[PDB]
Ligand SMILES: [Ca+2]
């Protein structure tokens, strides 16, 4: 699978509270995390389906 | 808000919560029909909740109003966060009272050293996650621009101001964005960004509201 799928979730410097999905390789599944609102990394999805399709 | 204290019930009447299913940002009521927040808090659909204290319990003083117009600053940069400010026009004017009041726009730019009040329902931990039910408050000073720049080399513009402590411990955090920084009864800052929360050498960075008073007034009068 792509390398960005193995990176930990990135909240970013912004201080909003936006729920996004990320692939947790250690668990082998997509989970939610708090995204700050700006400068998102690639392991950041708006849905679990898109997350699993890209990093599954 | 990390290292703060629970605000006295309805002691920050101008504070609002931006909700699109759950609380995601804060804001400030500047007049009966307009709220100011951070541009990175943009969402196509936004419900504004006023008169709040406990964000998870219906208390009876709350007013829920949908946003009719969402206007971000035309020069907002999603990468550098320069001009991180946005205006929201409500569907209908709110009823102003003790729990719901407006905050005055700046008469001028407050100098470094000015004590201010920051508030929000954001994370209260620097490490880990603890979302408060009750509105949190924090007393903190505007920091000298040179210290702000030394903390964030080459990332601070004239439209930003650092507020907090260079030793860390107290700061705004995720969930606080768009919230107010009030000094002497005037809105001088808007929670925007920072590296982590309450970390040493990295105090919160805020939008310098005194640079946008005219843009705010011109936009309000034109919409
Ligand atoms: Ca409530």
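Heads up, chain B uses Swiss-Prot numbers, so what you see runs 24-246.
Going by what the header records, the deposited coordinates were determined by X-ray crystallography, 1.8 Å.
Backbone N, Cα and C atoms are what each Cβ position is placed from, and that goes for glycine too.
Pulled from Swiss-Prot:
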| type | residues | note |
| --- | --- | --- |
| ACT_SITE | B:63 | active site, charge relay system |
| ACT_SITE | B:107 | active site, charge relay system |
| ACT_SITE | B:200 | active site, charge relay system |
| BINDING | B:75, B:77, B:80, B:85 | Ca(2+) binding site |
| DISULFID | B:30-B:160 | disulfide bond |
| DISULFID | B:48-B:64 | disulfide bond |
| DISULFID | B:132-B:233 | disulfide bond |
| DISULFID | B:139-B:206 | disulfide bond |
| DISULFID | B:171-B:185 | disulfide bond |
| DISULFID | B:196-B:220 | disulfide bond |
| DOMAIN | B:24-244 | domain 'Peptidase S1' |
| SITE | B:194 | site 'Required for specificity' |
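Working note on the disulfide-bonded residues B:30, B:64, B:139, B:220: by count of other C-beta atoms within 10 Å of each C-beta, B:64 ranks first. Chain A comes within the C-beta cut-off of under 8 angstroms for the following of the recorded positions B:48, B:63, B:171, B:200, B:206: B:48, B:63, B:200.
Highest local Cβ density among the disulfide-bonded residues B:132, B:160, B:185, B:196 belongs to B:196, counted as other Cβ atoms within 10 Å over all protein chains shown. DSSP assigns residue B:85 (Ca(2+) binding site) to coil in the three-state reduction, outside any helix or strand. When Cβ atoms from all protein chains are considered, those within 10 Å of residue B:194 (site 'Required for specificity') total 29, not counting its own. One way to see the shell of the Ca(2+) site is to take the Cβ centroid of B:75, B:77, B:80, B:85; the remaining same-chain residues with a Cβ within 8 Å of it are B:72, B:74, B:76, B:78, B:79, B:81, B:82, B:84. The secondary structure of residue B:63 (active site, charge relay system), as reduced to three states from DSSP, is helical. For the recorded site, residue B:160 (disulfide bond), the DSSP three-state label reads strand. Across the recorded positions listed here (B:77, B:200), the residue whose Cβ sits among the most other Cβ atoms within 10 Å is B:200.
Using a 10 Å Cα-Cα cut-off from residue B:220 (disulfide bond), the recorded positions that qualify among B:30, B:64, B:85, B:160, B:194 are B:194.
Neighbour counts of Cβ atoms within 10 Å were taken for the disulfide-bonded residues B:171, B:206, B:233; the minimum is at B:233. Between the C-alpha atoms of residue B:139 (disulfide bond) and residue B:200 (active site, charge relay system), the distance comes to 16 Å. Cβ-based crowding with a 10 Å cutoff singles out B:107 as the top-ranked of the recorded positions B:75, B:107.
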